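Enquirer: In the entry's author numbering, the protein residues as written are -5 to 25, 34 to 706, 719 to 951.
Sending over a structure as C-alpha cells; questions will come in a sec.
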C-alpha cells in the first residue's frame, strides 16, 4: 500500500531487511512499523558483526536520509515519509552522539577508528558531525563529545601518522578543518580549554608540549620543521636561486594559510569567555616559562620546544596585539604600565635581569605595593607582555639558531673531509668509520636543508612585517611608560628626564642613576628591549627586511635614541651596544651612495634630531667605564658604530653638522670629554691592530695544538680588523671635524696630547712598524695603511695655521722629526689618492714651519736659558724662593705665588680643585739645589 512506501524507504536508508531472500546486499536481522527502527539500529550497532565501521555507517545513513528528502519533496506523494524521515534523523544523529561519547558502545572499533575515518575524508562527515555537535550542546553533554574526539585527535596525530607535519597535506589540512568546524560553535569555544589534556602534564618535558597537549600538533604545522625542510630543499641543495626562490614562495604561501587558520582557531577560543582566554594565556605562559634555554649559548635542543612551534605562537600573539598598537594609538591605555608592580601571575620573572634594578629592589618594590590587587589578569596586557617574551625566547631563539648555521656547516664539511681520509684496514673499523661518516652527512643535510627552510621564513615579508610592526608599536608604548606624564605619543616627551651631569666627573653614577631611574620602567624585564633589538639586527641582513622603509621605523628609532640619551633607563651597556649598532645599519649609505634608510628619520623626527647627536657623544665616552669579564671589545665595537653614524650625520645632514660645531663652542667641556677618549684610543689602536696582525701570521706560519691554535688565530684577526677599523674611522673624524673647527683641537688639554698622538702614528705609518708587516690580504682586516696616512696628514694641514698646534708639534720631543713628513710625502706619492701636489705642498710648508719653530726654541733655550726649568715658578717665571707642592696637581709653585693667587681664588691654578695655603706641603729638597746653584755658579 503506502504504509509500505515507509518500510521500503527504511530499508534503503538503513540498508537492512527482514526477508532472508533480498535482491540486495542488505543486512538481515534475526530476533510495529517505524517504532521498530530504533530496534533495527541498536542491532546494526551492537549485534551485526559485519559492521566494522559503525560510524562510517551512521554517516552513510544520515547521508542517504538527506537524499531521500532531496527527492521526496519533488513529488506529490510525500507525507507519511516525513513521519519516518524524521525518526531517522532523530536516531542516526542521536546515536552518532553516543558513538563519540561512550568508549566502546559499538561492536567494532573505538574512538580512534571512527575519528580516523573522519580525518580521512572529512568533507563527508561535515554535515552529520555538525548535527551531532548541536545535539550535544542542546542535550547538555558536550564536554563529553569533546573529551572523545580531541584527546583522540591527539593520539591520531601522534601514533597513527608517521609525522604530523606540513608534508601530510591532506591529513593536517583535514585535521584543521575538524578544529574549525568544531570550534565555530561558540558554546564549544567557551568550554574548549576544559578538554582532558589541554594543559601540560606538570611532568611533561618541554619537547613534548607540542605533542601531549591538545593544541599541540596543529600549533606546530610549519615549514621550518626538519622533515619539511629536507623534503622540500634537501631534495637538491645545489639548485639555482630561481628554483630555490620558487619553493620559498610556495612554502610561504602554505604557511600564510596555516597561521591564518591557526589564528582563526585560537581567536574563537579567546572570544569564548573570560575563563577561556585566561586559560589560553596560562597555556602559552607555561610553554614560554620552560623554554628559556632556547636562548642559551648552546641550547639543549632535544629538551626544548621546536622553532616551528615557538615561532607560530609568536606570530599568533603578534596578531592578538596588532589591534592595540595600530598607528592611532587610541587603545594604548589598555596595556597596564604597572603590569610588573605586583608579583606576576603568568610570566615567571624569577632570574630575569631587569632594565635598571635588581632582585632585592624588585622584590622590595612588590612590598611597596601590598595594598593593590594581586590577581587582576587584564588579558590585553598579558597578551602584550607574553608577545614580548615570545619575541625573545621564541622568535629570538629561532633566529639565533640559523645565524650560527653557516659556521656549523663549514666545521662539519671539514670534519667529514678529515674522517674521509682515514684508511681502515680491519673490516670492523672500516664499517665503523663509514657509520661515523654516514651520521655526519645526515647531520649536514639536515642543517643545510633547515638553513634554506629558515631562510625562506625570515625572507617571508608579509609575516615578518607583522613582527616588526609589533616592535614599533611596543616602542611607542614603552616611551609612554618612561614619559613622566604618560601621554606619548599624543603629547611629546622631554629629554633628559633628569638633568645631565655637568658634574658627570663623579663616583660611578651607577648607584645615582639607578636611584633616579623612572619608577615603573626600571623594574621592567630586560628582554623587553633585547627581543626587539636582536630580531632587528638579525632580519636586517635580509633583502626583504621589514625594517626597510617601513612607515613606522620612527617609533623604534625614537625609543632607541631615548635609551641612548638617558643613561638611567637601561644599565646594560652590552645591550645599548646593540642599539647603537642598529642605528649604524640605518646610517650606512646604500650602494647608490644615497642616504641610509634611517637618515631621513634621523633628520626630521623631532625627538630624534634633538637628542641623537648628544646621545652618541655621551655614550662614546660612557662605554669605556665598562666591560664585564673580557666583554672588553664591546667599548670598541660600540665606538666603531658611533663613528659610522657620526661620519655620515656630518656629511649628509647640515642640521647635525651644526649641532656638532655648536656643542664644541657652547659646551666644550662635554665635547672635549668626547674627543679626549677618541684621542687616547688612537694612541694604541693602530699599534695593537698591528700586533694582532703580526700574530695572524705567526700562526699561519706554524701551519707549515690546532683545535685551539685556530680559535686563537680567529680571535687575533678579529681584534685586528676591529682595531685597524676604529683607527681609520677615528682619524677620518679628526680630519673632518678639524676642517671646520680647528680651534677646538688646540685647547691646552687637547693640543699637546694631540700633537704627540699624531707624531706617534705618523712614525708608525711612515716606518718599519707598518713597513715590514706582511699580512695575507690587507683589506680583509680593514687595514689600509696608505688611506690612514692620508687622514693623518690632512689633520696636520687643517691645523697648520694654529700657532698653538704648530708650537706643540714642534715641542714634542718623543716623535717629531721633519724627515718623517718627508718620507710621508714620498710614500704618499705611491698610490694616487694624494690631493697633491697642492697637498704635498701644503704639507711641506707645515713640516718646515714646525722645523722652524723647533730650532727657534732649541736656540731660545741655549742662549737665554740658564736657570734649569724645575727651579722656575710656573706662573712668575722667576727663580723660586719658597718651593711648595700643590696637592691637587702635584705642581710645584712659589709660596708667594699660591699665597698671592689664593687671596682671590681658593682653587688650584692648574687643575681647578679647592685648597688652602695649609694643604700646601713645602718642598725643601728642591730649594736645596736652588741654593748650591744660586750660589755655586
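Note that CB positions come from ideal geometry on N, CA and C, so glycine has one too.
Within 8 angstroms, do at least three Cβ pairs link the segment 218 to 227 to the segment 306 to 322?
Expert: In short, these stretches touch, since the Cβ pair count reaches three.
Enquirer: In this structure, how does DSSP classify residue 572 when only helix, strand and coil are distinguished?
Expert: Translated into positions along the chain shown, residue 572 becomes position 570. Coil at residue 572, not helix or strand.
Enquirer: Return the Cβ separation of residue 46 and residue 21 in integer angstroms, given the expectation that the two are a contact with Cβ distance under 8 angstroms.
Expert: Along the chain shown, read from residue 1 onward, the residue named residue 46 stands at position 44. Along the chain shown, read from residue 1 onward, the residue named residue 21 stands at position 27. Correct: roughly 6 angstroms between the Cβ atoms.
Enquirer: Which class does residue 179 belong to by DSSP, given the choice of helix, strand or coil?
Expert: Within the chain shown, residue 179 is the residue found at index 177, counting from 1. Reduced to three states, the DSSP call for residue 179 is helix.
Enquirer: Who are residue 907's beta bridge partners in DSSP?
Expert: For this step, residue 907 is matched to residue 893 along the chain shown. 898.
Enquirer: Determine, using beta carbons only, whether residue 190 and residue 247 come nearer to each other than 8 angstroms.
Expert: As a first step, residue 190 must be located in the chain shown, where it is residue number 188. As a first step, residue 247 must be located in the chain shown, where it is residue number 245. No, the Cβ-Cβ distance between residue 190 and residue 247 is not below 8 angstroms.
Enquirer: Could you give the residue range of the alpha helix (DSSP H) that holds residue 821?
Expert: Residue mapping note: residue 821 aligns to position 807 of the chain shown, counting from 1. Counting along the chain, the alpha helix (DSSP H) containing residue 821 begins and ends at 817 to 825.
Enquirer: Among all the DSSP beta bridges, which residues are the ones paired with residue 451?
Expert: For this step, residue 451 is matched to residue 449 along the chain shown. According to DSSP, residue 451 bridges with nothing at all.
Enquirer: For residue 834 and residue 872, which I take to be in contact (beta-carbon distance under 8 angstroms), what is that distance rounded to the nearest angstrom?
Expert: Position 820 of the chain shown holds residue 834. Position 858 of the chain shown holds residue 872. Wrong, their Cβ atoms sit about 17 angstroms apart, outside the cutoff.
Enquirer: What's the call for residue 921, buried or exposed, on a 16-neighbour Cβ count within 10 Å?
Expert: Here the question's residue 921 lines up with position 907 in the chain shown. Burial call: exposed.
Enquirer: Can you confirm whether the segment 787 to 795 touches the segment 670 to 683 when touching is taken to mean that 3 or more C-beta pairs between the two stretches lie within less than 8 angstroms?
Expert: No: the two stretches stay apart, fewer than three of their Cβ pairs being nearer than 8 angstroms.
Enquirer: Measuring alpha carbon to alpha carbon, tell me which of 62, 196, 90 and 559 ends up nearest residue 481.
Expert: Working through the chain shown from its first residue, we reach residue 481 at position 479. Closest by alpha carbon: 559.
Enquirer: If we count Cβ pairs, one from each stretch, closer than 8 angstroms, do we get three or more for the segment 573 to 582 versus the segment 618 to 629?
Expert: Touching, yes.
Enquirer: Between the Cα of residue 544 and those of 696, 556 and 458, spot the shortest distance and give me the residue it belongs to.
Expert: In the chain shown, the residue the question calls residue 544 occupies position 542. With distances taken between Cα atoms, residue 544 lies closest to 458.
Enquirer: Given a cut-off of 8 angstroms on the beta-carbon distance, is the pair residue 692 and residue 806 in contact?
Expert: Locating residue 692 in the chain shown gives position 690, counting from the first residue. Locating residue 806 in the chain shown gives position 792, counting from the first residue. Cβ atoms of residue 692 and residue 806: not closer than 8 angstroms.
Enquirer: Sorted by chain position, which residues of the same chain lie with C-beta nearer than 8 angstroms to residue 301's C-beta, five sequence neighbours on each side aside?
Expert: The sequence position of residue 301 within the chain shown is 299, counting from 1. Excluding sequence neighbours, residue 301 sits near 295, 399 and 403.
Enquirer: Just curious, the alpha helix (DSSP H) that residue 108 is in, first and last residue?
Expert: Here residue 108 is taken as the residue at index 106 of the chain shown, counted from 1. Element bounds for residue 108: n/a, residue is neither H nor E.
Enquirer: Could you give the DSSP three-state label for residue 41: helix, strand or coil?
Expert: Taking the first residue of the chain shown as position 1, residue 41 is located at position 39. Looking at residue 41 - three-state DSSP - the assignment turns out to be helix.
Enquirer: How about residue 803 and residue 772: do their beta carbons lie closer than 8 angstroms?
Expert: Your numbering for residue 803 matches position 789 in the chain shown. Your numbering for residue 772 matches position 758 in the chain shown. Against a cut-off of 8 angstroms, the Cβ pair of residue 772 and residue 803 comes out as no contact.
Enquirer: Compute the Euclidean distance between the alpha carbons of residue 748 and residue 837, then round it to the nearest angstrom.
Expert: Your numbering for residue 748 matches position 734 in the chain shown. Your numbering for residue 837 matches position 823 in the chain shown. If you take the alpha carbons of residue 748 and residue 837, they lie about 22 angstroms apart.
Enquirer: Pull the bridge partners of residue 886 from the DSSP assignment, please.
Expert: On the chain shown, position 872 is the one that residue 886 refers to. In the DSSP output, where bridge partners are listed per residue, residue 886 has 893.
Enquirer: Taking the alpha helix (DSSP H) that residue 806 belongs to, which residues open and close that run?
Expert: Counted from its first residue, the chain shown places residue 806 at position 792. Residues 799 to 813.
Enquirer: Do residue 452 and residue 228 count as a contact pair if the criterion is CB distance below 8 angstroms?
Expert: Position 226 of the chain shown holds residue 228. Position 450 of the chain shown holds residue 452. Yes. Within cutoff.
Enquirer: So residue 928 is in the alpha helix (DSSP H); what residue range does that whole segment cover?
Expert: As a working mapping, residue 928 is identified with position 914 in the chain shown. Note, residue 928: premise wrong, no alpha helix (DSSP H); not H, not E.
Enquirer: Do residue 643 and residue 724 come within 8 angstroms of each other at the CB atom, strictly closer than that value?
Expert: Reading the chain shown from its first residue, position 710 is the one you call residue 724. Reading the chain shown from its first residue, position 641 is the one you call residue 643. Cβ distance not < 8 angstroms, so residue 724 and residue 643 don't count as in contact.
Enquirer: Start and end of the alpha helix (DSSP H) containing residue 491?
Expert: Indexing the chain shown from 1 puts residue 491 at position 489. From DSSP, residue 491 is part of no alpha helix (DSSP H); its letter is neither H nor E.
Enquirer: Report the residue from 927, 901, 943 and 946 whose alpha carbon sits nearest the alpha carbon of residue 935.
Expert: For the purposes of this step, residue 935 is identified with residue 921 of the chain shown, where counting begins at 1. For residue 935, the nearest C-alpha among the options comes from 901.
Enquirer: To which residues of the same chain is residue 658 closer than 6 angstroms at the C-beta, ignoring the five residues directly before and after it?
Expert: As a position in the chain shown, residue 658 is number 656, starting the count at 1. Excluding sequence neighbours, residue 658 sits near 615 and 651.
Enquirer: If I follow the unbroken alpha helix (DSSP H) through residue 192, where does it start and stop?
Expert: The residue you call residue 192 lines up with position 190 of the chain shown. Run containing residue 192: 188 to 194, per the alpha helix (DSSP H) assignment.
Enquirer: Compute the Euclidean distance between the alpha carbons of residue 475 and residue 327, then round it to the nearest angstrom.
Expert: Position 473 of the chain shown, counted from the start, is the residue given in the question as residue 475. Position 325 of the chain shown, counted from the start, is the residue given in the question as residue 327. Between residue 475 and residue 327, the C-alpha separation is close to 5 angstroms.
Enquirer: What does a CB cutoff of less than 6 angstroms around residue 586 pick up in its chain, not counting 5 residues either side in sequence?
Expert: For the purposes of this step, residue 586 is taken as the residue at position 584 of the chain shown. Contacts found: 643, 646 and 647.
Enquirer: Identify which residue in 239, 235 and 527 has its Cα closest to the Cα of residue 358.
Expert: By one-based count along the chain shown, residue 358 stands at place 356. Ranking 239, 235 and 527 by Cα distance to residue 358 puts 527 first.
Enquirer: In terms of residue numbering, what span does the alpha helix (DSSP H) encompassing residue 716 cover?
Expert: No atoms are given for residue 716, which sits in the stretch of the chain between 706 and 719 that the model skips.
Enquirer: Where residue 595 and residue 437 are concerned, what is the direct C-alpha to C-alpha distance, given to the nearest angstrom?
Expert: The residue given as residue 595 occupies position 593 in the chain shown. The residue given as residue 437 occupies position 435 in the chain shown. Roughly 53 angstroms separates the two Cα atoms.
Enquirer: By DSSP, does residue 936 sit in helix, in strand, or in coil?
Expert: Sequence index remark: in the chain shown, residue 936 carries index 922 (1-based). Of the three classes helix, strand and coil, the one that applies to residue 936 here is strand, per DSSP.
Enquirer: Let me confirm a value: residue 353 is counted as buried when at least 16 other C-beta atoms fall within 10 Å, else exposed. Which label applies?
Expert: Position 351 of the chain shown, counted from the first residue, corresponds to residue 353. Exposed is the call here.
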